[PDB]
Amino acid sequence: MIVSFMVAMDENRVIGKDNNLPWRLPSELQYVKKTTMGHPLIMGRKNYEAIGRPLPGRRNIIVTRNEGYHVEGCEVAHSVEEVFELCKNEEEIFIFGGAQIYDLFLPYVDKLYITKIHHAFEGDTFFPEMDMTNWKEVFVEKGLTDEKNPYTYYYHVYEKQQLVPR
């Protein structure tokens, strides 16, 4: 299965403030919806609670250590192992964040969908550093900037650099 990171972050890798997005870009979220259609969304509990509702049309899988945690319309996993078990047959899954959730799936990640917002916000949580020399850009696109989407931002997609033998 393809393990994909789905992330939107600013110039300093901010991905959150107080728990919410420091920015409001409806068009970005529509890109998320289009891209993840028919694939599982994997997210930490805090991240899911910040969004408020199950995102329709996808397996919403919430990752928490809490064995008692349950929520309507969502599945719950308590470890990476359980997530991979649950997505046994999936073609591609999207790690939807929680800085800590990205860290858990780092050893397995195959594809990066990264929205880079060209602005510096106030934030308290960050997309962990990554050595991008292992990664190759396969797609880029300038996001729609307008009245409802004030900032400038870009969709980037990365796959693994293949490496030429000695």
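Take the two forms, find the largest set of C-alpha atoms that superpose within 1.5 Å, and that set is the rigid core. Start at 1 and count along the sequence shown; that's the residue number.
Greater C-alpha displacement in 6 other deposited structures of this protein (rigid core superposition, RMS over structures and residues), of 110 to 118 versus 29 to 37: 29 to 37.
Relative to the displayed structure, the C-alphas of 119 to 127 lie farther away on average in 6 other deposited structures of this protein than those of the other candidate, with 119 to 127 and 99 to 107 compared after rigid core superposition. The PDB entry reports B-factors from which the mean C-alpha value can be compared for 137 to 145 and 36 to 44; the larger average falls on 36 to 44. Mean CA B-factor, 151 to 159 versus 19 to 27: the higher value falls on 19 to 27. Taking the PDB entry at face value, the top CA B factor among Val80, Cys74, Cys87, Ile95 belongs to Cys74. Residue-level temperature factors show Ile117 in the lowest third of its chain, judged at the C-alpha atom. Ranked by C-alpha B-factor against the other modelled residues of its chain, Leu106 falls in the lowest third. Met6: CA B factor lies in the middle third for its chain, per the PDB record.
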